[PDB]
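Residue numbers (the working numbering), protein chains in the order written: chain X, 1 to 49; chain V, 101 to 150. Working notes, structure below.
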Amino acid sequence: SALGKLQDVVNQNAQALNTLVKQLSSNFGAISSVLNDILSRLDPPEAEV
Amino acid sequence: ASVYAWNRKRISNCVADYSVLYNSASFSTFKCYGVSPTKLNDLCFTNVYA
């Protein structure tokens, strides 16, 4: 634990990145979190929504 | 079937050509939801219920 101060910095940033990446799995109300699935299923007028 | 006792046919393990239905002159209504009728032949489904 002696170098906890430096490890804390590493952990906070790694956590921030991991959270940011995981947000790409969120639908946010969309039919899918995967952009390619939306594009392959819907026409532009509906895909844009 | 009567609408109160509607029939459900489970379709699986087959090739589905939807353009035959969509390009037909014989249907008065053909409304797709959650999917484009012109992209159906490019999609795969785990199952289709008719």
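By construction, the Cβ of each residue, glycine as well, lies at the ideal position given by its N, Cα and C atoms.
- Pairwise C-beta distances place the region 124 to 136 of chain V in contact with the region 35 to 48 of chain X, as three or more of them are shorter than 8 angstroms.
- For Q12(X), the uninterrupted alpha helix (DSSP H) run begins and ends at 4 to 22, by DSSP.
- Contact with chain X is found for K139(V), since one of that chain's Cβ atoms lies less than 8 angstroms from the residue's Cβ.
- One finds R41, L42, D43 in chain X with Cβ atoms closer than 7 angstroms to the Cβ of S136(V), taken in chain order.
- The beta-bridge partner set that DSSP reports for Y149(V) consists of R110(V).
- Going by beta carbons, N107(V) and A116(V) fall outside the 8 angstroms limit.
- Contact with chain X is found for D142(V), since one of that chain's Cβ atoms lies less than 8 angstroms from the residue's Cβ.
- In the three-state DSSP reduction, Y118(V) falls in the coil class, being neither helix nor strand.
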